[PDB]
Every structure is written in structure tokens, then in C-alpha cells.
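A single structure is presented below for examination.
Read from first to last, the chains carry the letters A, B, C and D; within each, the first residue is number 1.
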């Protein structure tokens, strides 16, 4: 036990959030809303992930539900959340994956079955948006639902504080070379919405859009017009890195940026960031037990004004860990 | 023009049937039935294949349909063949990619949609089953609907006729080191029927089921119990190889066995079999313009009655080429 | 500490054997013979492997050598082992990777610098050959050097005992779909010796030779003429599986083979084998903390006489763990 | 026949120079200098490329050399150009793949081997450096030896001329999401110079260094400080894309910028640049028959003086094509 959660979308994102909430936070029991994965599937699926290792403990199928390490967890069939329950297990704060659901209307929708406060894994046009890094006093009890900015978007945000607070930034752009997602396809094919030209996998270096800015601004207003993005998603299954290029107000040294985040990561942020003088460590990370991580070295080049800077990801997980990070910030706090 | 065709499932298997029907045969004029793949997609989609290259000549859409090298082709979305026109064009010979649509029951359905005869890109429970390799007088007018053995099942039938009739064969088992399917997934996940793990993609060498057994049986009655098999799906997008092991009646010498197919390959078969003393060409094939292709060398080792032998695929395509080769022969008779 | 080892070829195979000897056995201190990896490189390299995770502990660069978890380890430059020392550290029993070195002449050669008994990672034409599985009383003090059959070859051997001891086997062949090796190349290229047509990586399903038999017979004489092989190495970096097909003396049931190894793995072997009724678990393993592992289910089909059977690998590691397995069998025993 | 050529490093870069020199130019007759790649390999090796397809026409070896479409070609092994003949054939224009052989010092050496002028497939410390894009009157007889900018460095030079001269540009940084190299490794390992991790292949999105800076500088003096960059090597075998970010003098509109290259691309450049409104074609290119190719759409976003822009590669080949295009122009003058 701990807090008091339920989850929507036993899948990738769901599993760590189910996975983590338990071992990192723990924070209380729960329940599982998973139409299209059954009693049993949850045992395997959750437990065995090719990208992070297997589970451990004992994830088993006992009475009406699953016993993840004994702490009695349930599976809820329904497709259409209002539809399911959630009231049973008393699952006051729930997180959702899914795809579709995102927006006050819908996430806001859950509560009919039970819910209280809902945290979502992904942005939304419509609705309160956060992250670990900047969130501060922003989260207000007054608030009923909350989102955790995207992979991209949450890891960007940490760099922002340290760097725009200390050296200016005026006009900055980025790209992220990313790990494959749910949505990237085998062989060839149709797609859908933003195309994401769904014509790869294994085979091509796939250029793509993201709202690095939107997101990054919402989180640090200041920034919030002075930033935008795109990405090329490559075949890597787990982990990704972010490239930031900047033009800045106060003069920098490369030596300088590096130690700003070094001293600054040292104290407030701790949880998201890093600073690995370390030396090209490629892609390791993959649930390193960090959120956004930057390093010195990488593709840095300096000059007064313009500079180039790279931070990183470990999407999937890092991510799922700043969600539970915030599930306790919002539960304590409201 | 040529025969007179229509097609189910503009996709992977679809594009070639269309692609080749045209280049290889032409077999006239046609039409396209594809819910989810709209007017324009068909131009890009068909045109562009990560796997085989891109198309060429031109693939544009003018009035109401697409112009395939001018050959006025059409697009019908229709979700459920019954529902789709089909007399429209006057295409008595349509071929079903699809997935689900197996069996006389539904294949026959289209017929009421419009249709006449239909070839199916994939095996079937109940219903006539053929392949070019073995096909022979088998095919006769009584016939209105038909199928061309599986990717893999069409490939083994060839090796067999040349092997069984010339050498004996008592008990033979198989494995197919296969290329990726439609059904193979990125990350890890739910799945379905026959299971298949929906558990990998780029990471695992996936264990799997196949029906070479029943399949080759039909195709060549005699065989038809003296066989069964399984396969392992690997990251490999296009092309796969087949492993057959046998125990034969009349003794062989690997020199002799490889011999058989050579002199035999030259004569009745040609468009099916191969024979490359050449020297383990890894996996090029991939639109080689071959059905199944064997070679001497490979993983060949001998002893009077025991021997292992190995063939190949060029699946996707090779297949795509025998449909047409089947469409060809089919029309002819009737 | 523990036994008293040194190692030749800090690389893949070397690292687990350096890695394992320490955490599994521990068995004493050591020293490292690595021309073409320096003081420092050993810290990273060893510690960080993309295929198994990172190290832990603290692998650091202190006085004249490396301190792996404090237990004082050294690095020895020289290329030509007679050439190096080995006498320093008193490294009585050493294991070698390398490539080249294999044969009594050469491995036998070491001793000039120091050495006593040498264990090698890989077969040899010339010389005592073992494995964990069959080795028994065979290892005789009388013996100065010993080898641990190949990836392939060591995992085969476990299946052999259980299955030929209990049900006959007369005429049996196999293939193994394997993980990439050191020797498999990026893009295109020359090669060398057995070609292994060194024209792939990522890109093709590469057919190959192995001496499944030779090896398997040396280990269980009996077998030793009645078995041979080939393999197709695929893009998977870590782990591989073995396919065995058999014709047998006593009648089997599939149900039966399975429980023979089940009860038999239960008691003597324990260390190598498994029997996972478990259900397609693809490729997980990857240092599962097992050597050869078989399962029921997989690609099994039955009939009296002929049968098909699949066991597995986790090369790299499993392997490196039956080496230390035997380093203690040969040290205790001689 | 055509010009009159010879070549260093039958490999990757080698085969195309030879491949294309023939198809594209021909530029006559020739000879091959390749220690490790014997008489016959050259037939298979050249002929067969995993990456581009296979060759065609015919690639056989008759008397003393190889018959390239009949065009009597030769094979010289020679380890050290000095050592290799070269007047033999009478090939005053030889082109160096190689690796190490950079610089006037050695390139000049061959000359004593036999030679006259030599083009080098790769940058160089000291020595004339060119590329087609910018090349112009730059090239003049004084010249005996020359180089064609890097895979990546040849690709940016084009974007620049069209961008710098038409729009301003103050400060610009870059990243290249690159395809795999010769130097990229399978498993993990030693490595070398510039480091590069020799740490991955199929598993990691590798951080890396490049000299677009110096490189594009030379090629277009003006630029030549207002640039520098780094790249990330990914599993992707052939083709890569380039990311350039700039701050310009005269304001742009993304509509306007993309505009420039269009009207400009049509006219002076043609064989270098591109312009595909077309729509993120992921990575097909791969022997598209293009040098560097840009497009509108991609990861394009605008603001008066700040803008990010993106080009492409077709490295391997595209390159292979400008050598010849360079060999072409080179011979001409002299």
C-alpha cells in the first residue's frame, strides 16, 4: 500500500507505473482497468518486459484478481471508463495510459464510476498540465485532474529552468532522436493522424513532430513561444535523447553551463537531470533510475551567444517514475 | 489489361498482386477494394514499399480511381465484401489478401457482392487449396473459388514433389526461419490467437506454429502425414528459409540428392524451385523473381536414409508471383 | 578470492568469466592478460555491457591494476602469452578467450610465463575437451589443460544424456538459430576462414556451420557419429536456441520426453537444462542463470520413432558460468 | 572506358566508385588495388551488396584480372600503394578509399607507385579539398592531387551556398542522424581514436564527432567559423539526414526559404540539392541518384532571424556519385 491508485492501460507505460508505484513509492494498493488483457495476461505482461528485464517477487493469479507481491490488485474489464467502476478498491487517485483519453471532458469523465483526482500520461490541449521539474506550488487542491507532460516535453523542462534561469535564452529550437513507440509500425502500412508516415520500424530514420515548446512553455511560462520542435524516431526500442540549441542573453562558457547544471542538479532537482561528465554512454540509461539526463561532452560547442546542448531520456520508465513522483506530490498536497 | 482482376487488401501482399499482376501478367484492367486506404494512399502506399523499393512509370489518381500505368484502376473502400460493388469493372477474378477472409463461406460471399471466381492469398479450413508447384489437373471449372498455399506452405510443396517421387521419404519434420509478418509487433503487448507472443519484434527470435503438415499433404496427397512443422520468426522483414529433414526409402548421396532437383528443376518446374550451387547467399532473394529456392551446400549432411535438406522463400513476393501464376492458369481453364 | 585465476581476452566471454568467477564462485583473486585494452579500458568495458546491464560494486583504477570490488586484479599487456608472465599473482589455473589460441601446442604454451592448468573457451582439434554436463570422472589430474565445448556444443550435450540414455536415438540432425557473434560483420565485406559469408549483421538470416556432433560425441561417446550440424546466425546479439530432431530406439510420447528431462533435470543436472512448461518465452533468458534450457511446447511433434525437440542457450553467459563451474571441478579435483 | 581510372579500397565506398564510374561516366578502362580481396572476391564482393542490391550484366574473372562488363579490369593486391604498380593500365586518375591514406604526403606516394592525379574518398588534414557542390574554378592544374569532402561534409556544402548567399546566416550549428559506418561494431569492444564507443551497433543511438565546421568552411570560405557540429550514429546501414540551425541576416519566411533552394535547385546545382515538398520520405533515398537532398516540410519552423532547416544523404552512394562527378570535371581541366 501507500496513496490509493488504479490504472488505465496495462501497457508499457502502465506496467512501470503499476510496477514502480509499488517498489519506488509503493503507495497503497490499487486495481487494473484493462479491457483487452485478461486475468492472466496481466500476470505475464506486467512481469515480463523485453525492454526492462522480468518482474521478480511473484506476480500471480489468485482471487478475483492479481496478487502482485500479495498486495491485492484487481482486473476491471470495461471499455469506456465511466463504464467501468473504480469506486471499488477506493482508488481515489488513478493514472491512465490508453491513447484516446486525454482532456478534462474525458479523464474528467471517470469519476462517474468512482475516481477523485486522475493523473494522465501525456499532454492535453484542454486541462491542467505539469511535470515534476517546474510543478511547484502550481498544483492546487482546487484541482481535480492533472497531466504529466510527454516523454519529450518532461525531460526538456528540467534543462529549461537551470539554463534559462541563469543565462538568458532568447530563441532556441530542438530535435529528439527517440526510441520507438507504441505507434511506429512493422514493415509498411497506413498510419493515421500526423501520418508519422507509419512506414518503418526497423528500416528507416523517421522524421516527426512533437510540441516541445507548447509543453515546455506551459511548464516554464517565460519560455512558451521562444521554443518549438520536431523529432526523428529511430528504430531504438527503449531510450532517447534531446538536442537543444540556444542563443543566449548572458555569455556562456561551455565549462560554465555544465557546472551550473552540476551545482544546480546537485541541490534542488536531484530527481530529474544528472550531469555525467561520464563519456559517451550512448544509450545505456534504460531505466537508469533518473528522468532527464544531461551530460557535459556530447555535442557541445560554444561561442558567447549561440551554444548547443544535449540532455536525455529513458522515456518509458524515467517517465513512469515522475508520475509516481507527482502522484505523491498531488496526494500529500491535496 | 490481361485477365481481368480485383483485389482484397491493398497491403503488403496486396500491392504485389496488383504490382505484378500488371508487370508479370498484367491481366488486364482491374479495381481496388480497400476500407482504410483512401483514394490517394493507394498511389503512395502501393507505389512505396520500404521492402522492395518504390514503384516507377507512374502511379497517379485522376477521375474516380487511380491510373496504374494509365490502366484505369478503381478504389472501393467497403467494409465487408458483400457490401462492395465488384461487377463494376467486370472483374470475375478478384484475389483476397485480408486476414480473416478464409473459407468458402465468405470468399463465396464477394460473389454475391458481384464476383465470379476469387483466389485467396492464404490457406483455408474448408475450400479448394492449391499451389502452382503441385497444382496440375487438380484445378477444374467445378471451381468457382480457390486458394494458393501459405507463404511457407507454397515453398515446401515444390521441394517435396522433386524429393518424394524420386527418393522415398518416410517421416520428415520442418522449421522455418521466417521473416516478419503483418502480425509481428513492436515493444511487447496483448496479442491473440495461436498466441505468437506479440512479444518482441527487433529484440527476440520468436518461437512459432505452422501447418506445413496438412498443407503440403493436400498439395501432394501421398506426403500428408509423413510431415508437420513449426517456425521461428525473426526481425528479418522480407524473405525466409525452410528446413526439412527426412528419412528416405531409396538411398541418397548428397551429391545425388542435390543432383535430382538440378535436372528436375531445369525441366517441369522452372518458375518454382531454383538450385544454387552458388554459395549461401544469406537472404538477398527479396524479389529475386523465384518461388521457392533451394541450393546445394547450405546445411546439407548425408547418410543412406537420413538427411536434412534446405530450401528458401522470397515469401511476400515470390508468393505474390505464384498468385498471378495461378490467376494465369485459373482463367485459362474455366 | 577462491581458486586462483588469470584470463586471456578481456572481452565478452572474458568479462563474464572475469565477472562471474568473482560473484558466482569468486574463487580467489586473479590478473588480466589484455593486449589491446588498457589499464582504464578494463574498468569501463568489463563494468558496462549492452547485452547484460552495467557492473555495480565499483570497478576502479588504482595501483598498477584494477580493483574490482577491491580484490586486487592486474593488467598484463603482452601479445604472445609465453611472452607475458602469469607467474605473478600466482595464477595457477587461467582461462583464455582470444580467437587464435586453442590446441595443446599453444594453450599448452602459456606455462612458460607461469600458468599450471589452463581452461579454454572453445573447442580444439588437438586436446582434452569437456563440458559441465557429461565431464564426470573424465577430468584427470593427469591432465594439464582442458577446454569447454562451444556455445552450441555445450548446450547440445545436456539434451543428449537424458534423451539418448533413455529412449534410443539412432540418427539425429540439428540447426541452431543463434545470436551474433564477435565475427559477424557491419554492412558488407570480406570475411575469412569458413567465409561465414561475412556479409550481414543486421540485414540477413546467415546460414552457417558448426560441429555439433564431433563435440557432442567427444562429450557423450555413444552419440559421436550419429549427430552433425549447421546453424544460421541471425541478427539477435545475445541468446540462441537449438533444434534437435531424432529417430529413436524406445518409443516416445511427447508427454514422456518432457517429464524424463523434468524428473532428470530435477536431480543430477540441476545446473544445465531447465524445462519450462512455461510458453514461448522467445528469447528472454540472456543470462537467465541457467546453461542449456529446454522446454516442453515449442516445436514438438511426436510419432513412435521420429520426434522433434528444442533446448536453448543464452551463449555468452550460461557459457561463462559452466566454465567457472568446471574451474572448481578441475581445481578441487586436481 | 572513359577517363582512365584505378582505385583504393575495393569496399563499400570502393565498389560504387568502380560500379558508377562505369554506369554513370564509365570513364574508361581501369584497375583494382586491394590487399585482402583476391581476384575472385572482387567479382562477388563488388557484385553483391546487401545494401544496394546485387550488380548485373556480368562480373567475371578471365585472364589475370576481372571482366567488368568486358572492360578488362585488373587486380593488384599490394599493401602499401608505393609498392603497387599502377602505370599498369595507364591510370593517371586513381581514387583512394582506404581509411588511413589521407594527406598529400601519402596520396602523393602512389604517384611514385606509378600514378598522376588521385581523388580521395574522405577529408584530409593538409591537401586540397573540394566537393562538387561549391567546387567551381577552385580546381586548377597546379593540381596533381585532390579530395571530395566527407559523406556528410559534401552534403552540407550544397545547402549552404543556396542559404548563405541568399539570406545572411550568422551562427549555425548541426547534427547528423547518420547511417552505419565501416568503423561501427557488433557486440561491445575496444575501439580507438576519437573513441566512438565501438560500443553498440544494433542496440544504441551512438553520440559522435564530425567536422562540418572546418569542412564546409573550406568549401565555402565565407562560412568557415559561423559553423561546427556533431552527429549520432544509429543502426541505419545506408543513408543519413542532416540538421542545420541558423540565424540569418535578411529575414526569411519558411515559405521563402524553402522557395530559394527550389528556384536555385532547378538551375545551377541539379545533381546536388533536391527539394521534395513530396513528404518526409523517411530514409528511402539509398541509391536515389542524388547528392544531398532537402525538402520542405520536415522539421522546419520559422522566425525572422532564427530557423532550423534539414537536408539528407544517400551517403555511401550519393558520395560515390560525386567522386565520379569530380573525376569527371578533374580530368577535363588538367
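Basically, a residue touches a chain if its C-beta (ideal position, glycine included) is under 8 Å from a C-beta of that chain, and two chains touch if they have at least 3 such contacts.
Under the contact definition, chain A and chain B share the contacting chains C, D. Chain B and chain C have centres, each the mean of its CA atoms, that are 40 Å apart.
Distance between chain C and chain D, defined via averaged C-alpha coordinates, is recorded as 43 Å. In chain B, the residues that touch at least two other chains are 48, 50, 199-200, 202-204, 235, 281-282, 284.
Taken as a contact graph, the chains are fully connected, with every chain touching every other chain. Counting only pairs that meet the touch rule, the chains in contact are A-B, A-C, A-D, B-C, B-D, C-D. Listed in rising order, the residues of chain B touching chain A in the complex are 11-12, 36-37, 41, 45, 48-51, 180-182, 184-190, 199-204, 235, 237. Contact residues of chain B toward chain C in the complex are 171, 173, 175, 177, 179, 195-197, 199-200, 203-208, 228-232, 234-236, 239-241, 243, 245, 247, 279-284, 298-301, 303, 305-308, 310. By the touch criterion given at the top, residues 48, 50, 54, 202, 281-282, 284 of chain D touch chain B in their complex.
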